[PDB]
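We use all heavy atoms of the structure for the numbers below, so side chains are in, but hydrogens, waters and symmetry mates are not. Throughout, residue positions are numbered sequentially from 1 according to the sequence presented. Remember, it's 1-based here, ligands and their atoms both numbered in the order they're listed.
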Amino acid sequence: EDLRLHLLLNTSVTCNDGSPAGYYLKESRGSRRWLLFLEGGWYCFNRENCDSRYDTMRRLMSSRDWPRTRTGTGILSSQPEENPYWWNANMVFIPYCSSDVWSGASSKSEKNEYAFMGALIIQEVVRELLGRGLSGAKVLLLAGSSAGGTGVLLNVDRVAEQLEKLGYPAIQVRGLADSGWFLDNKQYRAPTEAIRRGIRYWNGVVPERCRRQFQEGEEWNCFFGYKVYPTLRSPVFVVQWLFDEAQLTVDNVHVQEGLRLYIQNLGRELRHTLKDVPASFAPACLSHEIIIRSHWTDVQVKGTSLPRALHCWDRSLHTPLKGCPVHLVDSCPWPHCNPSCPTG
Ligand SMILES: CSc1cccc(Sc2ccc3n[nH]c(=O)n3n2)c1
Ligand SMILES: *[C@@H]1O[C@H](CO)[C@@H](O)[C@H](O)[C@H]1NC(C)=O
């Protein structure tokens, strides 16, 4: 139970119910690398569905019941055997308690039953960590899974701008977006409408260059990785299963020719969106999330594991590297055509 809870000293930066947000921290005194991980867990987009979430998913809307510690797993593990990539880094787990895909900038008030402060939570965590050693960092990797992976895409450049404006231009900010790269595709039998409604409910904010492209009322576009990624300046590594279970869920998929063609076309479209993403890991598996699973080391694409690919990415950010690839996208067209896919 190696990561210790700190509730935010600025108690106006809150979870949905107005309780303070926070972060779990395990410092590594001999390290200038910082990993800030954004938890996922869907979202809620109106009073009624947020009230439902508060009844049965309250840890995602409140800190009142959070434990004092959490165990770092996968990329958050400090054990080299579990985390070949960054086992010696300073580790931060930021709980998702804003239900806004990390985009919100709205306080609880006379007119708002809930606070949606995901974007401000990240910025407040960063600011408070600067007093705890982040000021000496050489690399800040903002990582996240599921809604947290989309959160990376929405927030990585804002973290880079925050540190520049605070006078730390030497800290290299990078993103690792796991399982947050979705397609606004046709369903097999309204995802984009729920986000459009959510953005208004949350006062959601998107990266500036993406906002300027799509403009007022169209900011929902920036929640889709293939549209927001080209607008970003920070290096971002994209991890995405080609047949992501959450993508299939929103597509109303739960095998005859129509569905076979649908699934194959989904994998093809996902692969196509990653063709010009130089740092990516996209196995042909039906699964969801990878980076904080203890067995995250097991999956390989073209014989290369994700921890290896991430290490190769670090080297590339010091022309391609002999035997140390960073772009790893499966080409086989059906779930589990890659033998290293997770079993479940
Ligand atoms: C509904 S269109 C969309 C597009 C981009 C991000 C999101 S948010 C989301 C989507 C799927 C998922 N699975 N697990 C988890 O946390 N999430 N979060 C939604
Ligand atoms: C606390 O956070 C809010 C919202 O981000 C900010 O407006 C305010 O200035 C902060 N207070 C302090 C003392 O930093």
Query - Polar side-chain atom of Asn83 near backbone of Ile75 as donor-acceptor pair, under 3.5 Å - result: yes
**Report entry** Proximal atoms of ligand 1 relative to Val101 (non-hydrogen, under 4.0 Å)
**Finding:** 8 (S)
Report task. Mark yes when over 12 heavy atoms from residues, nucleotides or ligands other than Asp314 sit less than 6.0 Å from its CG; otherwise mark no. Result -> yes
Report summary line: In ligand 1, the atoms that come under 4.0 Å of a heavy atom of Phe223 are 4 (C), 5 (C)
Query raised in the report: Are any non-hydrogen protein atoms located under 4.0 Å from atom 3 (C) of ligand 2?
Result: yes
Query raised in the report: Which residue and non-hydrogen atom of the protein lie closest to atom 9 (C) of ligand 1, and at what distance in Å?
Result: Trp42 CE3, 4.0 Å
Query raised in the report: Just wondering, more than 12 heavy atoms not from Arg59 lying within 6.0 Å of its CZ?
Result: no
Requested in this report: Determine, using heavy atoms of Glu289 and all atoms of ligand 1, whether some pair is separated by less than 4.0 Å.
Outcome: no
**Report entry** Heavy atom of protein closer than 4.0 angstrom to atom 14 (O) of ligand 2
**Finding:** yes
Query raised in the report: Are side-chain N/O atoms of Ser31 and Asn88 paired as donor and acceptor at under 3.5 Å?
Result: no
Query raised in the report: Is any NZ, NE, NH1 or NH2 atom of the basic residue among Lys302 and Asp330 found under 4.0 Å from an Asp or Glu carboxylate oxygen of the other?
Result: no
Report task. Just jot down the ligand 1 atoms closer than 4.0 angstrom to any heavy atom of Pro191, in number order. Result -> 1 (C), 2 (S)
Report summary line: Among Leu8, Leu120, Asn10, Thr11, closest by heavy atom to atom 11 (N) of ligand 2 is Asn10
Query - Verdict with supporting geometry, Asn221 and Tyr226, side-chain hydrogen bond (donor to acceptor under 3.5 Å, both in side chains) - result: CA-CA 9 Å; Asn221 280 279; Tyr226 75 97; over 6 Å; no
Query raised in the report: Looking only at distance, does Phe182 have an N or O less than 3.5 Å from an N or O of ligand 1?
Result: no
Query - Donor-acceptor pair between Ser294 and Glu82 side chains, under 3.5 angstrom - result: yes
Would you tabulate the side-chain donor-acceptor contacts of residues 262-269 under 3.5 Å, counting partners in other chains and residues two or more places apart, or write 'none'?
| unit_1 | atom_1 | unit_2 | atom_2 | d |
| --- | --- | --- | --- | --- |
| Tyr262 | OH | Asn185 | ND2 | 3.4 |
| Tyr262 | OH | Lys186 | O | 2.6 |
| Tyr262 | OH | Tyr188 | N | 3.4 |
| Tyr262 | OH | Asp251 | OD1 | 3.2 |
| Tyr262 | OH | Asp251 | OD2 | 3.2 |

Query raised in the report: Any idea which atoms of ligand 1 are less than 4.0 Å away from a heavy-atom of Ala147?
Result: 15 (C), 16 (O), 17 (N), 18 (N)
Query raised in the report: After noting the C-alpha distance and the side-chain angles of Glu124 and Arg127, does the key distance pass the salt bridge (charged side-chain N to carboxylate O under 4.0 Å, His left out) rule?
Result: CA-CA 5 Å; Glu124 187 63 34; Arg127 195 183 74 54; 2.8 Å; yes
Report task. Heavy-atom contacts with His288 under 4.0 Å: which atoms of ligand 1 show up? List them by number with element. Result -> 13 (N), 14 (N)
Query raised in the report: Which protein non-hydrogen atom lies closest to atom 1 (C) of ligand 1, naming both residue and atom, and how far is it?
Result: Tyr43 OH, 3.2 Å
Requested in this report: Flag atom 7 (O) of ligand 2 as yes if some protein heavy-atom distance to it falls below 4.0 Å, otherwise no.
Outcome: no
**Report entry** Which of the ligand 1 atoms, numbered from 1, are nearer than 4.0 Å to a heavy atom of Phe224
**Finding:** 2 (S), 4 (C)
Query raised in the report: Are more than 12 heavy atoms from other residues, nucleotides or ligands located less than 6.0 Å from atom CD of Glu193?
Result: yes
Query raised in the report: Does ligand 1 have an atom that lies less than 4.0 angstrom from a heavy atom of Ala194?
Result: no
Report summary line: For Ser146, the atoms of ligand 1 under 4.0 Å from one of its heavy atoms are 14 (N), 15 (C), 16 (O)
Query - Closest protein heavy atom (residue, atom, distance) for atom 6 (C) of ligand 1 - result: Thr150 OG1, 3.5 Å
Report task. State whether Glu1 and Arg70 are salt-bridged, where the test is any N-O pair (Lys NZ or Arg NE/NH1/NH2 against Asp/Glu carboxylate O) under 4.0 Å. Result -> no
Requested in this report: Considering heavy atoms of the protein only, find what lies nearest to atom 2 (S) of ligand 1 and give residue, atom and distance to 0.1 Å.
Outcome: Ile195 CD1, 3.4 Å
Query raised in the report: Under 4.0 Å from any heavy atom of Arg127, which atoms of ligand 2 are there?
Result: 14 (O)
Query raised in the report: For ligand 2, does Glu128 get within less than 4.0 Å through its side chain, its backbone, both, or neither, judged by non-hydrogen atoms?
Result: neither
Report task. Pick one of side chain, backbone, both or neither for how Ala246 approaches ligand 1, counting any non-hydrogen atom pair under 4.0 Å. Result -> side chain
Query raised in the report: Is any N or O atom of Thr192, backbone or side chain, closer than 3.5 Å to an N or O atom of ligand 1?
Result: no
Query raised in the report: Checking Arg33 against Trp86: charged group under 6.0 Å from the ring centre and within 45 degrees of the axis?
Result: yes
Requested in this report: Report yes if the side chains of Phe223 and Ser103 come closer than 4.5 Å at any heavy-atom pair, otherwise no.
Outcome: yes
Query raised in the report: If you measure every N/O of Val250 against every N/O of ligand 1, is any gap under 3.5 Å?
Result: no
Requested in this report: Could you tell me whether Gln187 atom CD has more than 12 heavy atoms of other residues or ligands within 6.0 Å of it?
Outcome: yes
